[PDB]
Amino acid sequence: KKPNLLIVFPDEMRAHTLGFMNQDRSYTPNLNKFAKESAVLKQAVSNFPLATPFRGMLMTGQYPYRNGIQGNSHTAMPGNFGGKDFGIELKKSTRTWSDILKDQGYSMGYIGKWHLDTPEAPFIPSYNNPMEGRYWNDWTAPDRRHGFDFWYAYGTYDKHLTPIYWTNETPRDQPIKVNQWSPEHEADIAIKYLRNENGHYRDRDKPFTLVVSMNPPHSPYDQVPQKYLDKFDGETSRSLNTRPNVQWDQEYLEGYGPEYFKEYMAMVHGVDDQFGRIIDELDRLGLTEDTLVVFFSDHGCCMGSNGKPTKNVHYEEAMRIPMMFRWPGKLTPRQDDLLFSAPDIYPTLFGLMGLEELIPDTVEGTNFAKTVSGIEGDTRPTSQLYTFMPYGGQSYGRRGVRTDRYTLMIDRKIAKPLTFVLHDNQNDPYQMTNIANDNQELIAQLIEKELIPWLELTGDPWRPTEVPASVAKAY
């Protein structure tokens, strides 16, 4: 009766990698089939396209300004700065949707990358503890798992072929060290959770929520199984990465950029294979009709498009994420260009499951269960907020809006003119031209109709005005 919830989301998988989207030269047969059984939001975005900010929005239904999860949740070495110096973490006292489902009588499981805690001293052994001025990895202590009674997760760790996990059984100092591609290992654990063979993964009498947060197709690109690379045998990153806005002649940081596109596509194929294993097991078990399945990613990846290596930019390749909802017998398959945003996920899931009344007032996103279900009545957004927040600078950085036609981005520094970037996504679908100059009137309307209303709705203090050097005098 009470519905189950299965959430699968890989990391850094742009919507363009979905084969049925007719964009990237990719091979995702399992997700293609899933899409034709699902209600697909084809215009969904990650408003702050960065892992930790997105997970903040997923767990809280709030935008970054009020949830405080405004960057990476890392911890500085002495003389440096990191997320911990600005409260960037999911707080123990925060009531997430996973807390609420737990109190509704659910068994709750989380598999994979958590990426929401700041590491604490003494820091655990880890190749990234420290790395580039910061400590990055730690377990999640049991009192910080927000209702997930089954745990099989880590903080941040990118060695895809040798992942490490903490579980109900592990103490902090002895995690499970795995020799297996992490998506496959995570699919294996998901299968066992779904089967619940010994009865100790979850309660037989309760509904369940399982989250599987895969790391690939996130970098690095040298930890991909040969099996999945073999799917693109004979092709190269050049022959595969054909998007017109790719800048091959830009200089990229070692290990990143369009020359790794073949590896990216192979990881996408690999994740598609493992997603298929999980869904096939769900259906083999007879759980298809009682389980709402949702697939998305935390942000996209530019892979050289417009000269950007990965994410954390306003471009379509970083903002656009998959978003699909499958529930055969209760959701009719469809596609919709709803301007969906990351804080809408939480309340929309609650709406779909019949739990609208449990959405607290603190949620800033919108319940679009009606639109997903093909039912009239939602107010359709005219824009999606874009944001980049520099550490400690909530009143500065980049803000922008994405409408059904334009992407506008504004950068704000102290004592400098505002920089404007404007794309006509209709005439310029690959966002290769900035038309901000001599579009003052259109930009003014976008600011007045879209950006300011989002900023006021979220409490964000950023405003599109210059400020003199004296404003920083005080601090």
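Numbering starts at 1 and runs along the sequence shown.
Trainee: Report the stretch with the higher mean CA temperature factor, choosing between 176-184 and 243-251 on the basis of the entry.
Mentor: Per the deposited B-factors, the answer is 243-251.
Trainee: State which stretch shows the higher mean Cα B factor in the entry: 56-64 or 35-43.
Mentor: Comparing 56-64 with 35-43, the higher mean C-alpha B-factor belongs to 35-43.
Trainee: Specify which of 281, 344, 263, 317 carries the largest Cα B factor in the deposited PDB entry.
Mentor: Of the options given, 281 has the highest CA B-factor in the PDB entry.
Trainee: Of 398, 299, 202, 402, which one's C-alpha B factor is largest in the deposited record?
Mentor: Highest CA B-factor of the listed options: 202.
Trainee: Using the B-factor values recorded in the entry, state whether the Cα atom of residue 144 falls in the lowest, middle or highest third among the modelled residues of its chain.
Mentor: It falls in the bottom third of the chain.
Trainee: Grab the CA temperature factor for residue 312 from the record and place it in the lowest, middle or highest third of its chain.
Mentor: Its C-alpha B-factor belongs to the lowest third of this chain's values.
Trainee: Quick one: classify residue 462 as lowest, middle or highest third of the chain based on its Cα B-factor.
Mentor: Answer is lowest: the recorded C-alpha B-factor places it there.
Trainee: Would you mind checking where the Cα B-factor of residue 437 ranks among the modelled residues of its chain, as the lowest, middle or highest third?
Mentor: It belongs to the highest third of the chain when residues are ordered by C-alpha B-factor.
Trainee: Which third of the chain does residue 159 land in by C-alpha B-factor: lowest, middle or highest?
Mentor: Middle third, going by the recorded CA B-factors of the chain.
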